[PDB]
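For reference, the chain that follows is the form deposited without the named molecule, supplied as structure tokens.
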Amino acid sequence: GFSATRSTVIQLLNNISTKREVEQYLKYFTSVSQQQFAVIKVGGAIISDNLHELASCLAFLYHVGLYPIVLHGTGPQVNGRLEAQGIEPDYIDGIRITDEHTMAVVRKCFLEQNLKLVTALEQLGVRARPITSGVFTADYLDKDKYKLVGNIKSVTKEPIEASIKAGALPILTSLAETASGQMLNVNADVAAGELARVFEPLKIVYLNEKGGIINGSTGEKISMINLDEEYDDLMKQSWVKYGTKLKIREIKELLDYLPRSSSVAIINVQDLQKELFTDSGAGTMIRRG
């Protein structure tokens, strides 16, 4: 069955200081149920920039009996390989145009990156299960406008539950499929949001490198956002562009559905353990007012 080395337990004791922190951990350690601990979204950047530390944190979670649902993008590497072979990434309305060749590259990267993370975990003794399809079902977002780029309509939970029941961290790509079986590129930030919607986990964490969201107006990191008060305002501010725009969109929608206790934490990997085990996060914390 389950057992934990002295390092693992030392690291557990290093994360847990108060009584409610203790009870929180015990709640999810001993939980037998299909309401999970965490959805963690991993920026693709992180896998090629900081794999060891990403793999170590997740490894630690697994070693203390916590099975977060991991879903990663493949952002920069796709743009890299396109540019590498004399192709310039095409964009419009803040979303990538994906033809027969571009999806070929997106698929290739997703597989490469997903296997990199899975293997880094396995090497650290963590049972990791790649889940590259059969989770997201989508119809086209705007067939003519964006080509092979979808919009998630439902989430089949079964593969993920099967994975956790077997003692393996599910490691998901954000690729979707039409029912008919055309793979459609979907934004990792909204794909994680849809996982969060159905699994209603305790913790929703998005990992990026900047460790939050920066207010361009001041150049200071935004520590808290109270959507009820600030959503409409924040969307009008000129410094909010591109990927911070639709990220905040999904997170409002997501938190409109989820109860008042839930929140989304946008953080750096180095704060992950501290975010999961305690009620004091760093980075940008986004909750409903």
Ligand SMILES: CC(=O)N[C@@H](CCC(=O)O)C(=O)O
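In this text, residue numbers run from 1 along the sequence as written. Under this definition, the rigid core comprises the largest set of C-alpha atoms superposing within 1.5 Å between the forms.
J.: For the C-alpha atoms alone, is the average B factor greater in 231-239 or in 22-30, going by the entry?
T.: Between 22-30 and 231-239, it is 231-239.
J.: So 9-17 or 274-282, which one's hotter by mean CA B-factor in the entry?
T.: Result of the comparison: 274-282.
J.: When you compare the CA B-factors of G167, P159, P89, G212 as listed in the entry, which one comes out on top?
T.: Within the set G167, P159, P89, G212, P89 shows the top C-alpha B-factor.
J.: So if I compare the CA B-factors in the entry for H52, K41, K247, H63, which one is the largest?
T.: Result of the comparison over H52, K41, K247, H63: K247.
J.: Looking at the temperature factor on the CA atom of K147, which third of the chain's modelled residues does it land in?
T.: Ranked within chain, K147 CA B lands in the highest tercile.
J.: Against its chain's modelled residues, does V135's Cα B factor rank lowest, middle or highest third?
T.: As the PDB entry reports it, the C-alpha B-factor of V135 lands in the middle third of its chain.
J.: Relative to the other modelled residues of the same chain, rank the CA B-factor of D99 and answer lowest, middle or highest third.
T.: It belongs to the highest third of the chain when residues are ordered by C-alpha B-factor.
J.: Compared with the other modelled residues in the chain, in which third is the CA B-factor of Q85?
T.: Its C-alpha B-factor, which the entry lists for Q85, ranks in the highest third among residues of this chain.
J.: Against its chain's modelled residues, does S48's Cα B factor rank lowest, middle or highest third?
T.: Within its chain, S48 is a middle-third residue by C-alpha B-factor, going by the deposited values.
Missing here is the form deposited with the named molecule bound; even so, the following discussion is about that form.
J.: Indicate whether the named molecule has at least one heavy atom within 4.5 Å of a heavy atom of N187 in the entry with it bound.
T.: Contact check for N187: yes, within 4.5 Å of the named molecule in the entry with it bound.
J.: Would you classify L124 as touching the named molecule in the entry with it bound, given a 4.5 Å non-hydrogen atom cut-off?
T.: Contact with the named molecule, no.
J.: Tell me, yes or no, whether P170 is in contact with the named molecule in the entry with it bound, where a contact means a heavy atom of each within 4.5 Å.
T.: No, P170 stays farther than 4.5 Å from the named molecule in the entry with it bound.
J.: Do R197 and the named molecule share at least one heavy atom pair within 4.5 Å in the entry with it bound?
T.: Looking in the entry with it bound, residue contacts with the named molecule do not include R197, since no heavy atom lies within 4.5 Å.
J.: Of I95, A120, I214, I164, which one comes within 4.5 Å of the named molecule in the entry with it bound, counting heavy atoms only?
T.: That would be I95.
J.: Report the stretch among 66-74, 236-244, 249-257, 53-61 that approaches the named molecule in the entry with it bound to within 4.5 Å, counting heavy atoms only.
T.: Result for this chain: 66-74.
J.: Please state whether every one of the three residues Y140, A176 and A192 places a non-hydrogen atom within 4.5 angstroms of the named molecule in the entry with it bound.
T.: Not a single listed residue reaches the named molecule in the entry with it bound, so no.
J.: In sequence order, which positions of 124-162 have a non-hydrogen atom within 4.5 Å of the named molecule in the entry with it bound?
T.: Result: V149 alone.
J.: Superpose on the core and compare between this form and the one not shown; which one of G80, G125, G134, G94 crosses the 2 Å Cα shift mark?
T.: Flagged residue: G94.
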